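Q: If you count by PDB author numbering, then the sequence shown holds residues 5 to 128, 131 to 507, one letter each, in order.
In this text, a Cβ means the ideal position worked out from N, Cα and C, and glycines have one as well.
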Amino acid sequence: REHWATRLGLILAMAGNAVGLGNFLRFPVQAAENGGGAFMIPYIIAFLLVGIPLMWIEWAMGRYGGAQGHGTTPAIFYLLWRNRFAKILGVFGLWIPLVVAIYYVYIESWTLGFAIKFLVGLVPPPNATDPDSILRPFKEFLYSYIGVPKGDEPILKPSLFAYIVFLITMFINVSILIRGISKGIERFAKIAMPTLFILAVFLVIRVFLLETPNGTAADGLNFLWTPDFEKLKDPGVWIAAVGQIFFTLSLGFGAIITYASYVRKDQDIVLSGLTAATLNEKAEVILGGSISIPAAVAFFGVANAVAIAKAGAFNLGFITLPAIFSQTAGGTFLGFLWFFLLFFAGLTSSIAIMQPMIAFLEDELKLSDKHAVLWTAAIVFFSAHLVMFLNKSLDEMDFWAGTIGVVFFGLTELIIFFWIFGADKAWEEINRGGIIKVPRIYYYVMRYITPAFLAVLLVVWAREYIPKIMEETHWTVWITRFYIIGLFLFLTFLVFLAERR
Ligand SMILES: CCCCCCCCO[C@@H]1O[C@H](CO)[C@@H](O)[C@H](O)[C@H]1O
Ligand SMILES: CCCCCCCCO[C@@H]1O[C@H](CO)[C@@H](O)[C@H](O)[C@H]1O
Ligand code: NA
Ligand code: NA
Numbered sequence: 005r006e007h008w009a010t011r012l013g014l015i016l017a018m019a020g021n022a023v024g025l026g027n028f029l030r031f032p033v034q035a036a037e038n039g040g041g042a043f044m045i046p047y048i049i050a051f052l053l054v055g056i057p058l059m060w061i062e063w064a065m066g067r068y069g070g071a072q073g074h075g076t077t078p079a080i081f082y083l084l085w086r087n088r089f090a091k092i093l094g095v096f097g098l099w100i101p102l103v104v105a106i107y108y109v110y111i112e113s114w115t116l117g118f119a120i121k122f123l124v125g126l127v128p131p132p133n134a135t136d137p138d139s140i141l142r143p144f145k146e147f148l149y150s151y152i153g154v155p156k157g158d159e160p161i162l163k164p165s166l167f168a169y170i171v172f173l174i175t176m177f178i179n180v181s182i183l184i185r186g187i188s189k190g191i192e193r194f195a196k197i198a199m200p201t202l203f204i205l206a207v208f209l210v211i212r213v214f215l216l217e218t219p220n221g222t223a224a225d226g227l228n229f230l231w232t233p234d235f236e237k238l239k240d241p242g243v244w245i246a247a248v249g250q251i252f253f254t255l256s257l258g259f260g261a262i263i264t265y266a267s268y269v270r271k272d273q274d275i276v277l278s279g280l281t282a283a284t285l286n287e288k289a290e291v292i293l294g295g296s297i298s299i300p301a302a303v304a305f306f307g308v309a310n311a312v313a314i315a316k317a318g319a320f321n322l323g324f325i326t327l328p329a330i331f332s333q334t335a336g337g338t339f340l341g342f343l344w345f346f347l348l349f350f351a352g353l354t355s356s357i358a359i360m361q362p363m364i365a366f367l368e369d370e371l372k373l374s375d376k377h378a379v380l381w382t383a384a385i386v387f388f389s390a391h392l393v394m395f396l397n398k399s400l401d402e403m404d405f406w407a408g409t410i411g412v413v414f415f416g417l418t419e420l421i422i423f424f425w426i427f428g429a430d431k432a433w434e435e436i437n438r439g440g441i442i443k444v445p446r447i448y449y450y451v452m453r454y455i456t457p458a459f460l461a462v463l464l465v466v467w468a469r470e471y472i473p474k475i476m477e478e479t480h481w482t483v484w485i486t487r488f489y490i491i492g493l494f495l496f497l498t499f500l501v502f503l504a505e506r507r
């Protein structure tokens, strides 16, 4: 079995796994939408009660599985619980990361496309000071890029350039993964993560120097870091915080598990896992949280920044922020650095959520690494055409896989590992070879708190918010639901072919 060559490489690979578009696009929107500081107390608590414990669990299961030649959950789940149902629930460890990849890589290609056009200057005056005169040209620049529908039809007509940039983006993803763990993912991580950190820090400093009559970047930080306990009784804020923690740490994706399956059997995962987890949180709340919010707050104020955030998941990062930069000397180049930052962030994550299906084809169907990557890329490239042309197919998959799916799977893997497999032997697996030991308090959190917190969260979620979306959507949501259900059954069938091999 291939293994990471260095501890540093492993941590940066796993840090590049987590540090992605979630840190710089999702977290700002989630935080701004929920009162900044009002959002971070749940966020901090969710990290300590969900994020950290599940991080260790996923490392442990991956390492455990890798030791026996299996880095994906269909097999690992069966190793932890020899029941045919374990293999079927294990399929979600392939389905979630594949479905998330189908639209993640596309949004990743936007950041590359934008970056190219901002670098070359093919982008949309301060003499005009009315705001909408500055934001509309960037709204239209994005809407024309991805082809937002103008008429009654729910169809997207993405640019030719966007389509081509998508092809290039997958070619880049394949270029890395086709070289393996050590010489591929690990080598790119050691380059991308330094670059990512330097770009983010530079952007943070340029943003902190933004000042306008409606505020400063400082007002954005005090809005983000001013505690508030009015909404700590609000279910929506807790479910947003826990959803964000799952997504940003790549938990419930099966991706952490697959990476960890390439860690040597007796090599530490306790400190390593905690380091990658904490590195992502620093990149999230200090870098991600100090670019978009302070910029929008400084230029528009908090009320209008909160409105912008509520406007959409891409309004802030793809429209508002470049619009703000455009009012700065060299702002188009600053835009380039922002989207280049976003690209390396997403690319380091997209390669990680595609390797689960790659490792399944290598480990269970015994495909060569080369063919495993190409077939995986073809599956993602083809399926992405749903996301590229059907309006809001992106949202439907991000909901079932990237929001409901991750949480459901996170609770499933915990139950399999810590209840059925055995809390005491799971605890042994986590700490075996640990440089440090997991705080013994966390044994009880992982066994009783984390599952209760996720279980309670999923019912107040499933029987309150989702009946709304499950009843009055446009019929085209069924197209995406139909397709990703077919995907699940296709993967179930490969698991069936792998069991009988
Ligand atoms: C995988 C092949 C079948 C899927 C059909 C989608 C391929 C069509 O792709 C389309 O081709 C056009 C050519 O000008 C481009 O302008 C469009 O942006 C592109 O989306
Ligand atoms: C980074 C690689 C991008 C190569 C694809 C460029 C295709 C963009 O083609 C676009 O449409 C028309 C040409 O038919 C013209 O408006 C411009 O050449 C161009 O903006
Ligand atoms: Na992240
Ligand atoms: Na990443």
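1. Can you list every residue whose CB sits closer than 7 angstroms to some heavy atom of ligand 2, going in chain order?
2. Under 7 angstroms from any heavy atom of ligand 4, does the C-beta of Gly24 make it?
3. Have a look at the DSSP bridge pairing and note the partners of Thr222.
4. Between which residues of its own chain and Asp272 is the CB-CB distance below 6 angstroms, once the five residues before and five after are set aside?
5. So does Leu255 have its beta carbon nearer than 7 angstroms to some heavy atom of ligand 3?
6. What number of angstroms, rounded off, separates the C-alpha of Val207 from the C-alpha of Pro445?
7. Could you check whether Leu162 and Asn397 sit closer than 8 angstroms to each other, using their CB atoms as the reference points?
8. May I ask which residues mark the beginning and end of the alpha helix (DSSP H) holding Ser298?
9. What would DSSP say about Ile184, mapped onto helix, strand or coil?
10. Might you give, ordered along the chain, the residues of its own chain that have their beta carbon closer than 7 angstroms to the beta carbon of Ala19, omitting 5 neighbours on each side?
11. How many angstroms separate the CA atom of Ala301 from the CA atom of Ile56?
12. Give every residue of the same chain whose Cβ lies closer than 6 angstroms to the Cβ of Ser389, excluding the five residues on either side of it in the sequence, and list them in chain order.
13. Let me check understanding here. Comparing Cα to Cα, which of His7, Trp406, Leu277 lies closest to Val103?
14. Can you name the start and end residues of the alpha helix (DSSP H) that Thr334 belongs to?
15. Quick one: Cα of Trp433 to Cα of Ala289, how far?
16. Please classify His480 as buried or exposed, where buried requires at least 16 other C-beta atoms within 10 Å of its C-beta.
17. Quick check: the region 32 to 40 against the region 306 to 320, are there 3 or more CB pairs under 8 angstroms?
18. Rank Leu16, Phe366, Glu62 by C-alpha distance to the C-alpha of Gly416 and give the top, closest one.
19. For the region 414 to 473, which segments carrying the alpha helix (DSSP H) assignment without a break, of at least 4 residues, lie completely within its bounds, in sequence order?
20. Could you tell me the boundaries of the alpha helix (DSSP H) in which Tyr489 lies?
21. Please return the same chain residues whose Cβ sits closer than 8 angstroms to the Cβ of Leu373, not counting the five positions on each side in sequence.
22. Provide the residue span of the alpha helix (DSSP H) that contains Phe253, from first to last.
23. Closest to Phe339 by CA distance: which of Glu370, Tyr68, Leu123 is it?
24. Examine ligand 1 and report whether any of its heavy atoms sits within less than 7 angstroms of the Cβ of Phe177.
25. Nearest to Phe387 by CA position, among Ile170, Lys156, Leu463, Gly26, is which residue?
26. Restricting to Cα atoms, I'd like to know which of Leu371, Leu463, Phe395, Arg453 is closest to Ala504.
27. Go ahead and pull the three-state DSSP assignment for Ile275.
28. Does the beta-carbon of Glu470 have 16 or more other beta-carbons within 10 angstroms, so that it is buried, or is it exposed?
29. For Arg67, count the other beta carbons within 10 Å of its own beta carbon; 16 or more makes it buried, fewer makes it exposed. Which is it?
30. Please go through the same chain and pick out, in chain order, the residues whose beta-carbon is closer than 6 angstroms to the beta-carbon of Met176, but skip the five residues on each side of it.
31. Tell me the rounded alpha-carbon separation between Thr218 and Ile297.
32. Using DSSP bridges, identify the partner residues of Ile161.
A: In this structure, then:
1. The answer, residue by residue, is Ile120, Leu166, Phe167, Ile170, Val171, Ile174.
2. Indeed, a heavy atom of ligand 4 lies less than 7 angstroms from the Cβ.
3. Answer is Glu217.
4. The answer, listed in chain order, is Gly439.
5. The answer is yes for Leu255.
6. Approximately 32 angstroms between the Cα atoms of the pair.
7. Cβ atoms of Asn397 and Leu162: closer than 8 angstroms.
8. Residue range 295 to 317 is occupied by the alpha helix (DSSP H) that includes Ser298.
9. When DSSP states are grouped into helix, strand and coil, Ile184 belongs to the coil group.
10. Taken in chain order, the residues that qualify are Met199, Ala282, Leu285, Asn286.
11. The alpha-carbon of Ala301 is positioned some 30 angstroms away from that of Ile56.
12. Only residues of its own chain outside the window of five on either side were considered, and among them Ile106 have a CB closer than 6 angstroms to the CB of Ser389, listed in chain order.
13. Nearest of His7, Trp406, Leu277 to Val103, Cα basis: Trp406.
14. Looking at the DSSP string, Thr334 is not in any alpha helix (DSSP H), and its letter there is neither H nor E.
15. Distance between the alpha carbons of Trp433 and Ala289 is about 29 angstroms.
16. Flag for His480 reads exposed.
17. The answer is yes - the region 306 to 320 touches the region 32 to 40, with three or more Cβ pairs under 8 angstroms.
18. Cα-wise, what sits closest to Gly416 is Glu62.
19. List check, alpha helix (DSSP H) in window: 429 to 437, 447 to 450, 456 to 468.
20. Counting along the chain, the alpha helix (DSSP H) containing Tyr489 begins and ends at 483 to 506.
21. Excluding residues within five positions, the ones whose Cβ falls inside 8 angstroms are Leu367, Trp381.
22. 241 to 255 is the extent of the alpha helix (DSSP H) around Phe253.
23. Measuring from the Cα of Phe339, the nearest candidate turns out to be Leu123.
24. Outside the cutoff, so no.
25. Checking every option, the nearest Cα to that of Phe387 belongs to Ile170.
26. Among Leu371, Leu463, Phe395, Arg453, the Cα nearest to that of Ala504 belongs to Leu371.
27. In this structure, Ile275 counts as coil in the three-state DSSP scheme.
28. With fewer than 16 Cβ atoms within 10 Å of its Cβ, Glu470 is classed as exposed.
29. Classification of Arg67: buried, given that the 10 Å Cβ count is 16 or more.
30. Once the five neighbours on either side are set aside, the close Cβ partners of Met176 are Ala383, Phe387.
31. Rounded to whole angstroms, the separation of the alpha carbons of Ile297 and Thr218 is 16 angstroms.
32. Partner(s): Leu396.
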